[PDB]
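Below: the structure, in structure tokens.
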Amino acid sequence: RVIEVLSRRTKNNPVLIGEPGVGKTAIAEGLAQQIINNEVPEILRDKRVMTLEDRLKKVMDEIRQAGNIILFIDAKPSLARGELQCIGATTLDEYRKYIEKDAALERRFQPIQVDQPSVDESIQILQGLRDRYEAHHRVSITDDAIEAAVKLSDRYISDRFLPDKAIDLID
Amino acid sequence: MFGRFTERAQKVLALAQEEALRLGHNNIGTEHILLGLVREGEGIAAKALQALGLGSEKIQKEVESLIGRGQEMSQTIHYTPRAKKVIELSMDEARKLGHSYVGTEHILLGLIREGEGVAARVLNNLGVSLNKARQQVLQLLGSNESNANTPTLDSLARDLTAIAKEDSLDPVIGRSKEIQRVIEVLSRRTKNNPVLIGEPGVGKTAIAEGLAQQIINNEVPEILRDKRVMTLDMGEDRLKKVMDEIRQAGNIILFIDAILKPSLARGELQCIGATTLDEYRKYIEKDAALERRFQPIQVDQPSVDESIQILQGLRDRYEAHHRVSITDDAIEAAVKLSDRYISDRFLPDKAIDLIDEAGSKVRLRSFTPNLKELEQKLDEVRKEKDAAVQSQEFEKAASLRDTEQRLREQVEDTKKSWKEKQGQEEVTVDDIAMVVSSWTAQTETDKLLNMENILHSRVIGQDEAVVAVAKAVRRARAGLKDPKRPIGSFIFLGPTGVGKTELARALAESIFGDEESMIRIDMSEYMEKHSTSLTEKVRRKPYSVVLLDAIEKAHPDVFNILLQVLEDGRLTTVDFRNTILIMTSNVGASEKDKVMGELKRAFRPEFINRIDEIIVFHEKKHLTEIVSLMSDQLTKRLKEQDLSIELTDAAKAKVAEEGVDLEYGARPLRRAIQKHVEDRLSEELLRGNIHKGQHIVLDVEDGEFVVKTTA
């Protein structure tokens, strides 16, 4: 759904609204993965996705002069003075802190939500970073250990997002 | 290839292959791409080489002097990884030239850039350094083509007169009599500067491009010829700087959609403003250089048909996302559904949004067989091959490699079998009506003809009432009643808990799609001269059963209001023409004739007479039929949690026993189901008697409940 929008000519630039995280940063690491290997469409090849004041609009001119580039944002608009393809980091409400003063929103920028990742998908998400937290001594393993983290959260408080919570618990 | 280039390109590329084999080699490297270019002898690339002193003669001699024959293998060959880079590059050596499409030059450009390789050496061998070469190609391509415009045209900010000069500008429709009203407000001396207010929405910004075209050629006062339209706006260090570099140049008109930053009227600083219905309220409210200088005109939500035309004009331009032009029959839906069906924008933005929702979505259903599995397989291979190769295991790979490519070509052959998922993937309506329902004809009038069957399955008893409503809705819904008035105005008389509300739900569900699209006010709240409604909830969902309970309580004031609703289906300024108004009351209650009497005496007649219709609301085996309905809703929601349960008919009987007492009715059944079923199954699962995911039956034995297992 980041791609129906990132093609348009209408509500062109997609804004990624969902309760914070993780997942969110993982969706753009998606396009990245998708354009490259490789199935994608309405003109989108050789396109980078890039991320994260006395250096401001400085670098931004290397773009009004070559345009293979989506910008990935975290937190502002130096504005659709032209190109500028960007994916939105913002909250259920935080986005209503753009379209009210309007109306670059209902125009350029345009939204989509992060459902909380699939419970089972939730599980096989840790195992990937299981290896990498093995950094503190215990995990890798146990699988029977993660099953916990994830299921506990989805119904037993239960006031976050179904992929972010679990991870915290491990820690 | 790897995309699309000129013939010349495409010919020169395949031409490398021609040379691939003519020498018998097996991979076409950068050296063949080069032979490809000098051997089509007519491309710009070809032309250049003729310059440096490099005919096909001189080159191929160096090449054969570094490779020669000639394993005729020709086992369906592929590229060098270098050369695949070389192609990826020409694509970029043309982004870098505005050349919308690659061609003979760019590929020669692309070679130099990735100089590591065989071509490069042919030449550093033929005494032709790499740069002397990129030069020759360059010196065979080039370019293409008022003072104050400098500071200005600089910023910022899109010179509309400009985009309207080379005629590189869309129509655009109109709002043609709208464009004109701007030029009065602009040819003046009083209200010098115009300001458009409407939902934002109607791409107000569209009307502005209107001047560009007309000021040019040319219908406009000699009072305005020789001027320029430009844009932005709002509000940084580039302050009064460029604005000084404009007052010093009178030929300028400007466009905004934001703040004030008003140095108004001062210079020839002349504007055109686009700001919301209200936001303007919040600027002449500033006053009074506002009410003075700048000055407004009403932007219309385009005539529905006009909408359609706008779409097409830019249809050919949304072919960008790969599916349009057409279908017309589809456009009409994009548009038409929005004017009447949700129903929360301007009639030209809405459209295009439906189109774009779909203006990738289908190009996508393209990109989604289970041959996801093949690639999965091929992987395990490389490894064996690869890791084996690290152990060697050599001939243990030879065949391993071969086993690999066996796979690959198979993959790519069915990965390009989905050019068929391309020749397959439309537009028609059904696409849209989806989009619509996801924003809120046989089995649509069948809901109507068969309404009674439908309302009956939810509302029990009460056939007197159902048929009256069915027919009334069907009257209005068929063209007979006046459209500005609600779909239906009813009064529901009768005792409590008979079906008054229940029918209102079933109506919402059947008519509006959602058993929950129902506003419900309690007139107990409106008994005093404080009778100020409601209109919020109706603005919220303007398509909903509006249910006012117990109207006998309202201050007769209220009726003056409702009356206005019944008459005009409008308040002042909400809209009801799409509601189904239902007002309940106890006026009959205690008590069809003695009743209609107590009604005429309780309500002003002016009122009773504008109401479409006055509706009157008048076993063990049913209880257990209910218990079963409930029990089934349950056994389904458990199957989801890997729990398989079943009640015997004997068991549903025993639950039903618990709603016989005429006094409390069938309320108790929900609770008694959770107690005798839910609570008991838990206690039974926890105590360890039922190893979940076996099949669990609830039965009655000696007049007592019993749990049984039968996996």
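Heads up: the protein sequence lines correspond to chains B and C, in order. According to the entry's author numbering, the stretch in the first sequence is residues 191 to 242, 258 to 280, 301 to 396, in order. According to the entry's author numbering, the stretch in the second sequence is residues 2 to 146, 156 to 245, 258 to 280, 299 to 408, 411 to 467, 470 to 484, 492 to 584, 602 to 640, 646 to 664, 686 to 712, 715 to 807, in order. We put the CB at the ideal spot given by N, CA and C, even for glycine.
Below-8 Å beta-carbon distance, residue i vs any chain C residue
i                     : result
residue 271 (chain B) : yes
residue 384 (chain B) : no
residue 194 (chain B) : yes
residue 316 (chain B) : no
residue 159 (chain B) : Not covered by the structure: residue 159 (chain B). The range shown for chain B is 191 to 396.
residue 197 (chain B) : yes
residue 201 (chain B) : yes
Three-state class that DSSP yields for residue i in the structure shown
i                     : result
residue 319 (chain B) : coil
residue 314 (chain C) : strand
residue 204 (chain C) : strand
residue 333 (chain B) : coil
residue 638 (chain C) : strand
residue 482 (chain C) : coil
residue 179 (chain C) : coil
residue 184 (chain B) : Here chain B has residues from 191 to 396 only, and residue 184 (chain B) is not among them.
residue 396 (chain B) : coil
residue 140 (chain C) : coil
residue 362 (chain C) : coil
residue 66 (chain C)  : coil
residue 697 (chain C) : coil
residue 98 (chain C)  : coil
residue 345 (chain C) : helix
residue 338 (chain B) : strand
residue 28 (chain C)  : strand
residue 511 (chain C) : coil
residue 517 (chain C) : helix
residue 325 (chain B) : coil
residue 413 (chain C) : coil
residue 238 (chain B) : strand
residue 561 (chain C) : helix
residue 389 (chain B) : helix
residue 20 (chain C)  : helix
residue 276 (chain B) : strand
residue 6 (chain C)   : strand
residue 113 (chain C) : helix
residue 573 (chain C) : strand
residue 103 (chain C) : strand
CB contact below 8 Å: residue i versus chain B
i                     : result
residue 397 (chain C) : yes
residue 400 (chain C) : yes
residue 392 (chain C) : yes
residue 404 (chain C) : yes
residue 210 (chain C) : yes
residue 608 (chain C) : no
residue 733 (chain C) : no
Bridge-paired residues (DSSP) for residue i
i                     : result
residue 195 (chain C) : For residue 195 (chain C), which the question treats as bridged, DSSP gives no partner whatsoever.
residue 227 (chain C) : Beta-bridge pairing links residue 227 (chain C) to no other residue.
residue 539 (chain C) : C:653
residue 150 (chain C) : Shown without residue 150 (chain C), the model has chain C running from 146 straight on to 156.
residue 80 (chain C)  : C:29
residue 658 (chain C) : C:544
Under 8 Å by beta carbon: chain E residues contacting residue i
i                     : result
residue 407 (chain C) : No chain E is part of this structure, whose protein chains are labelled B and C.
Open item on the list: Any C-beta of chain B within less than 8 Å: which residues of the segment 358-374 of chain C qualify?
Closed with: 358, 360, 361 and 362
- [ ] Could you list the residues in the segment 93-122 of chain C with a C-beta less than 9 Å from some C-beta on chain B, going in chain order?
- [x] 93, 96 and 97
Open item on the list: What are the residues in the segment 317-346 of chain B lying within 8 Å of chain C by C-beta distance?
Closed with: 327, 328 and 331
TODO: Would you list, in sequence order, the uninterrupted alpha helix (DSSP H) runs of no fewer than 4 residues that lie entirely inside the segment 754-794 of chain C?
DONE: 765-769 and 776-782
- [ ] With a floor of 4 residues, list each alpha helix (DSSP H) that falls wholly inside the segment 720-758 of chain C, ordered by position along the chain.
- [x] Fully enclosed alpha helix (DSSP H) runs of no fewer than 4 residues occupy 745-752 of the segment 720-758 of chain C, in order along the chain.
Open item on the list: Could you tell me which whole alpha helix (DSSP H) segments of length 4 or greater appear in the segment 413-464 of chain C?
Closed with: 414-433 and 437-457
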